[PDB]
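Chains as they are written, first to last, in the entry's author numbering: chain A, 1079 to 1121; chain B, 1 to 7; chain C, 296 to 393; chain D, 1 to 880; chain E, 2 to 48; chain F, 736 to 816, 829 to 882; chain G, 1 to 90; chain H, 7 to 35, 51 to 72; chain I, 1 to 86; chain J, 54 to 83, 87 to 159. Here the structure comes first, spelled out in structure tokens, and everything after it is commentary.
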Amino acid sequence: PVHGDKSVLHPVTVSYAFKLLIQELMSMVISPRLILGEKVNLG
Amino acid sequence: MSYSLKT
Amino acid sequence: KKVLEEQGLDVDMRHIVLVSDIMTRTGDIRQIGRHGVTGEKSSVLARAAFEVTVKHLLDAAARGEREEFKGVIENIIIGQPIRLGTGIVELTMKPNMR
Amino acid sequence: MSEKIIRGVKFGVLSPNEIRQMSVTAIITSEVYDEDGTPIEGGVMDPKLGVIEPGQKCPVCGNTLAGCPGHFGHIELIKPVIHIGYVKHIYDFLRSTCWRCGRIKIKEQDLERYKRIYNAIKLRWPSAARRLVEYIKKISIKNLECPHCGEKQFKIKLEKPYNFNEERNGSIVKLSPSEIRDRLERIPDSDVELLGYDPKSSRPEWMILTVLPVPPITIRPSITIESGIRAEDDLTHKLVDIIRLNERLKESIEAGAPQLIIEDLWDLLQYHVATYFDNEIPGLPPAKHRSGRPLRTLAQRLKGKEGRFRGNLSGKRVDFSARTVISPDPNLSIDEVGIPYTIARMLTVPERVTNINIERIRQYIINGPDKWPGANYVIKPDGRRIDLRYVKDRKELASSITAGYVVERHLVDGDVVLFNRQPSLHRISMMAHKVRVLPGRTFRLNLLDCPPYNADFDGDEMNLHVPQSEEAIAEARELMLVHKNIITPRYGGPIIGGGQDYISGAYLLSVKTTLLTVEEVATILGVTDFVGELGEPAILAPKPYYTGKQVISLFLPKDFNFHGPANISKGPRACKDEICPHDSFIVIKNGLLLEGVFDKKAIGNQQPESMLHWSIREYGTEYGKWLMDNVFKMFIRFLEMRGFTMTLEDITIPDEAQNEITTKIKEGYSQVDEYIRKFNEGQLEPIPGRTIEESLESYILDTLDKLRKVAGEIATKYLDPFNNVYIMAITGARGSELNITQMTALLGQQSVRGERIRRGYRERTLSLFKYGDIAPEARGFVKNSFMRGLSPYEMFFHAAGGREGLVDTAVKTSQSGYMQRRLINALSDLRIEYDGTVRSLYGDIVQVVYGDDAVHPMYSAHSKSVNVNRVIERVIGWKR
Amino acid sequence: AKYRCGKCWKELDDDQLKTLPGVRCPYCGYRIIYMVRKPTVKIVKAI
Amino acid sequence: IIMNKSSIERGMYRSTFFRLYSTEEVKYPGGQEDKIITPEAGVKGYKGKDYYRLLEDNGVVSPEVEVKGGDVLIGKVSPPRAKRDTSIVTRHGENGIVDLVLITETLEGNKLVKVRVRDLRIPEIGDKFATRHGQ
Amino acid sequence: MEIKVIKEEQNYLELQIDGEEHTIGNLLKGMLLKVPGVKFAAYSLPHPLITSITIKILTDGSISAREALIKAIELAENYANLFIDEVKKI
Amino acid sequence: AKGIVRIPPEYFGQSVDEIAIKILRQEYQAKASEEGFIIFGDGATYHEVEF
Amino acid sequence: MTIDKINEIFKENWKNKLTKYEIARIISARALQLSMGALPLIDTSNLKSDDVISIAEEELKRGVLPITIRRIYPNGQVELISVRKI
Amino acid sequence: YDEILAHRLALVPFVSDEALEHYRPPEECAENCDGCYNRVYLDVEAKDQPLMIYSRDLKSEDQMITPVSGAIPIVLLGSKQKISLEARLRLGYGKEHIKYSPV
Ligand SMILES: [Mg+2]
Ligand SMILES: [Zn+2]
Ligand SMILES: [Zn+2]
Ligand SMILES: [Zn+2]
Ligand SMILES: [Zn+2]
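Shown next, in the form of structure tokens:
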């Protein structure tokens, strides 16, 4: 929504209620940024 | 399925 | 122990010792709820789910706090496996050996 | 690109520029739709924000509801407004900094030292950092001058909810959001982080609203319920009200008007924004749209037990589950559940086709959805589903499947399910059971499975869940099976065990005087799986007779030894050693039951250190389950082979007993009357430490209790020593000595809250008694029995005494639930490491070693690592 | 189909063809009418 | 408790359960459009051809018929607020026999239709019984 | 009415009969207990809701279990015929 | 380069090298470790490869 | 005795044993593997049940699974335990 | 109601003494091939006063199968009420239903 096509996007499986919570938190001025991580644990 | 490839 | 014994109920002493230890961890007696959960919670989602309020979320946003998903409640909330029981076990396999 | 996981969440305050740049459209107009044209441009229902009806493509993204996340809009506010949820924070941002130069009013060098300490201790000791910042804020608020710019600072007082009125040498001035934002914009980053905030993510002037984000339709869908006009939700109404107020204020200020109405309208717009963020603001009128009902807003959207956290995040509704009334079934194993055919054909489990189970799956497919066992759907490897109801010919489809297909077959015998009974107080209130399909309409539970669920067949219902993945099924089977959890974790002792008919049957079969013929033995043993050699009868001549202990001894292991008393060894049967004329001492040697009976103290549930407990502890839950499945049915079979009833003759006492009871009652009444008569004329020496009128009540209560005990003893002595009621009482099946005393002899003294019944008229309870009477009859002493019957006032006193039980239950359960919730949330994240320590998941140590010797309570011999006496018995008890 | 006037229980029978401004029995002027049993053989098991 | 099955088969504790469905033809004075109780050959919110197979020519099911599942009892259409099918259907998971059909007027000329459906309840495993002493 | 064999040896038989209940099971058990050479004989009803019984026979090896069952059936048939012939005379 | 390669359970019972090379060159448009770990929810084995 | 005698006894006891969680995890992983490909390592003809769970349990019992468990102690020490009897 | 009336009719015992030799037993094919079902009729109506219907009002197609007793009350009819039904009889065992028990 902000970077357009200059960023790489990754898919994550998650409860849809959590996505709804994030969306309605952005409805208020709170800005929740999700920090991703590697699925496969190296070592 | 991941790679985590590096050079 | 005296409260439980008077009613005629049997509870092992190890559970009582553990709850007594966790109740007086920080050098003084702390309420096990609002002051014993939120005191050492270190998590925003779990604390905000304990009591249904947005005050904690607003405080975290104002102070710019960060969550690490170390506990079990937040992982269940977002949908990741917990790190207790079968989540503590790491497996390695050799598929070449049949 | 790779598939990832969520590792953390970074919070903050959303920047107005970031709101502007994340938005797709700007909301300019104030009408929601025109001639039912919701796609009207610039409205709240603009299609660019999202799509909710089934058939439509989003203008922003060529996706339907399956893959279209909501898109946000932005509203450009012309007058800055303040966030109601952040006010306290900006309050601390107004009283702790200079208004002119925008700096903390603490001098330079100590402030630098404080910030150095804070940065050096911020992450290691968060509590110490919080204390430091609160101390800095306190010592900065109490300063009235700014050393940096040499200016005198006034003080600001907070007025609820959101208006700050500063004092400026009189004539208190109301503050506007614009000047507040201008003041907060001047605070440097190095000073805003000293106060415990983050400059790069939560900047204080962003805390003052200039641009407002517009949520998408997917968060506020339009409901077309009641088969009429669509009913919009509260968010759309409040948003459009805010918009229309915005254009009204803009046109009013651009047209020219007195500043008084301008600021009043600004306050109104602020009120709309504040009530949009949160409706239930204290001291304010809640917004009501059309029906006079308060609106539900973002704050109310996440609150209560029906919001997001406790309604959709902590708990949620799941599928593949059922709820049904439960009924008894003693013909099932202790880890089986009987389910009706209708549920079995509705709930399905997906089994993937392999080269090992392909014929069975083909047979399942051949039978349709309506035939059991059968299947409902077939999932092709491509991912598409085929419904077997509309299949033209499934006989060829069964042969057409290969490895890799998925079939959703009906529940079959041996399937693992989760069976639960609310409120689910402890962990074994939800256990893994094996499915058995039976005709009927109720869930069937074994009588031995009730204690862990705390269930009785008065009309209770229970829930059933079906795991749908191989890993979940494997974990449920390997960790949650019923027979694996016979011993409770609260203490070392079995939670699954003999009930009430089982104890009576065991006592009647184990008693010394039981002799069985060959046909009777065969009938008794026909219910079990035992087949083989009975051995020679215990008695050979004159007639071949077996015995109950010989039939019981066929199941005990051939190296089991046990010496202990029985539950009937409490009264005059106490012989305290093996030489007992009664069967009041249990002696087992090398698996042979030589003397003693079975009762609550040998097979009863929740009886630690019983012979059943040791048997389980030494031969596994495997032998525990085998024994409970086999030997516990002969008890019922023999009970119904004999007769077990309850006649009214088991409660009546001979008339010679009633005369003695009456004489004792008269003596007690005379003693109480003497006490009262001598009280009225002094003559009483009170108990030391107690006053007059307190010793009299104690004397009366003591003598009444002694009278009750004596009457109970007299009634017990003259009754039949061997009747069904007495058998049930002594063996521990049902009842107690107090119940027998109340049925056969006087009930005793009724009391409310530990004292005699006193509430009523003045100086008397009822109007049937004289004024100022404290005789035993007038305060609630019942001298009759249930068999004999109660007088009217005795009935009234009994009801008054017993009313408290109908009340206390709800309070007890509510308090228990609240306490358990707090305790669970407190102790949730503790774990046992591989070195024996108890540590939280955050790293810190709670115990150096669990308990004191790293012993699980579940694996302990009744809260003990090992019973050395039991080991010595197990080794050399056959020669004691 | 066919109706029956409600006054005095099984009063009399009327059909669709009685077109009136309101639901009313043409004979006794009663405002409540019921429906007939649609004469047709019905099979019930005596279980 | 244990009950005799033979005495149940003789009709000891059998019972009948009656449920009621009702509908009204609102006159809609605000726009002069009116309701009508007719079948739904071609309508927006159609359900299925077989569902409306029990309705008579007047759109009301006749007494002494075996309804099941979600069959339509009273069939009426609603003007748009494009006619939409708003018909009263039997509740899901329960069936019975249509017991009574009543047609009248609600003091304003609006047609009121009531359909009462009965079903038979035979005692079985899971039914609850009590005495006059709390048992 | 269908029979099947769960286990079978020279001196052991376990037979499951579907379509039968106490009426025949009790009669067969009572007759088997009278046949010489039989050491154990029992019948069981696995579940009251299912019309099916299980008969367990264990002999001492002198006579096969199947032969014992056949002899028991013969005894029962003889008793039934005698009962008919005697009731017809009153 | 160093990476992680996923071996499905259907290719079990064979030496890691050729399967690793096959999935490596199959979709891109080497001594792999003989043992690999297993993650939750998937039966395939993840090996470290120097390709 | 590093820190306590009880801790040494605990570690010695668990040095060569499998906790129930490890057994459950191994069985779950093997069952998931057999459900798709992964032909069994035993003779799947005498088995009473042909479902994947029973085959996984039998394979674990006979000790033919080539699976090792890594136990990472709180101080960083790692221990490798193998389930194959060999 | 129809179900209650059918149950009452089913509980009425009939003289099945000569019918054991002319009708097929349930163990045989008995569900089709007419010749194993008897038919009885009941057509009654009340004119002006309540009327009780007894088992003597059941007319049987086959004359050797009649109700055991003719004085069993079946249903009481109010004014202007009528009943018209046909019932089918067949052999059966008491194991299937208790209405077939002869004792
Ligand atoms: Mg109950
Ligand atoms: Zn979109
Ligand atoms: Zn200044
Ligand atoms: Zn004794
Ligand atoms: Zn009329």
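Just so you know, even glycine gets a beta-carbon here, dropped at the ideal spot from N, CA and C.
- When Cβ-Cβ separations below 8 angstroms define contact, residue 1093 of chain A makes contact with chain C.
- DSSP lists F:755 and F:847 as the beta-bridge partner residues of residue 863 of chain F.
- Taken through DSSP and simplified to helix, strand or coil, residue 749 of chain D comes out as strand.
- Look at residue 67 of chain H: its C-beta is under 8 angstroms from a C-beta on chain A.
- For residue 68 of chain D and residue 74 of chain D, the gap between their C-alpha atoms comes out near 19 angstroms.
- Per DSSP, residue 450 of chain D is one residue of the alpha helix (DSSP H) stretching across 450-453.
- Excluding residues up to 5 positions away in sequence, nothing lies with its Cβ nearer than 6 angstroms to the Cβ of residue 663 of chain D in the same chain.
- Any heavy atom of ligand 5 within less than 6 angstroms of a residue's beta carbon puts that residue on the list, which reads E:6, E:8, E:12, E:13, E:26, E:28, E:29 and E:31.
- Interface with chain F (8 angstroms Cβ-Cβ cutoff): residue 30 of chain E is excluded.
- Annotated three-state conformation of residue 82 of chain I is strand, per DSSP.
- Taking the beta carbon of residue 357 of chain D as reference, the chain I residues within 8 angstroms of it are 50 and 51, listed in sequence order.
- In the three-state DSSP reduction, residue 1109 of chain A falls in the coil class, being neither helix nor strand.
- Its Cα nearest to that of residue 694 of chain D, the residue D:676 stands out among D:481, D:462, D:676 and D:869.
- Taking 9 angstroms as the cut-off between beta carbons, none of the residues of the stretch 142-169 of chain D comes near chain A.
- The beta carbon of residue 4 of chain E is closer than 8 angstroms to those of 14, 15, 16, 34, 35, 36 and 37 in its chain, skipping five residues each way along the sequence.
- When distances are taken from the beta-carbon of residue 459 of chain D to the heavy atoms of ligand 1, the shortest one is below 7 angstroms.
- In this structure, residue 46 of chain E lies away from residue 799 of chain F, with their beta-carbon atoms at least 8 angstroms apart.
- For ligand 3, the residues with a Cβ under 7 angstroms from any of its heavy atoms are, in chain order, D:98, D:100, D:101, D:103, D:105, D:146, D:148, D:149 and D:151.
- Taking 8 angstroms as the CB threshold, residue 22 of chain H lines the interface with chain C.
- Per the Cβ contact rule, the stretch 552-569 of chain D is not in contact with the stretch 44-55 of chain G (fewer than 3 Cβ pairs under 8 angstroms).
- Rounded to whole angstroms, residue 305 of chain C and residue 296 of chain C show a C-alpha spacing of 9 angstroms.
- Cβ neighbours of residue 609 of chain D within its own chain (closer than 6 angstroms, five residues either side excluded): 862.
- For residue 234 of chain D, the enclosing alpha helix (DSSP H) stretches over residues 234-255.
- Residue range 358-366 is occupied by the alpha helix (DSSP H) that includes residue 361 of chain D, with no beta strand (DSSP E) assigned at that position.
- Taking residue 345 of chain D as reference, the option from D:294, D:216, D:321 and D:800 with the minimal CA-CA separation is D:321.
- Look at the stretch 32-48 of chain E: the residues with a C-beta under 7 angstroms from a C-beta of chain F are 32, 33, 34, 35, 36, 38, 39 and 43.
- Look at which beta carbons fall closer than 7 angstroms to any heavy atom of ligand 4; those residues are D:569, D:573, D:574, D:575, D:580, D:581, D:582, D:584 and D:585.
- Taking the C-beta atoms as reference points, residue 353 of chain D is found no nearer than 8 angstroms to residue 44 of chain D.
- Selection around ligand 2 by beta-carbon proximity, strictly under 6 angstroms to any non-hydrogen atom, yields D:50, D:58, D:60, D:61, D:63, D:68 and D:71 in chain order.
- Apart from the 5 residues on each side of it in sequence, residue 781 of chain F sits with its Cβ closer than 7 angstroms to the Cβ of 775 and 832 in its chain, given in chain order.
- Counting the other Cβ atoms within 10 Å of the Cβ of residue 683 of chain D gives fewer than 16, which makes it exposed.
- A Cβ-Cβ separation of about 14 angstroms leaves residue 712 of chain D out of contact with residue 725 of chain D under the 8 angstroms criterion.
- Looking at H:58, H:30, H:64 and H:34, the one whose alpha-carbon comes closest to that of residue 71 of chain H is H:30.
- For residue 798 of chain D, the enclosing alpha helix (DSSP H) stretches over residues 792-826.
- Look at the stretch 323-356 of chain C and you find these whole runs of alpha helix (DSSP H), each 4 residues long or longer: 339-345.
- The beta carbon of residue 63 of chain G sits closer than 7 angstroms to those of 37, all from its chain and outside the five residues before and after it, given in chain order.
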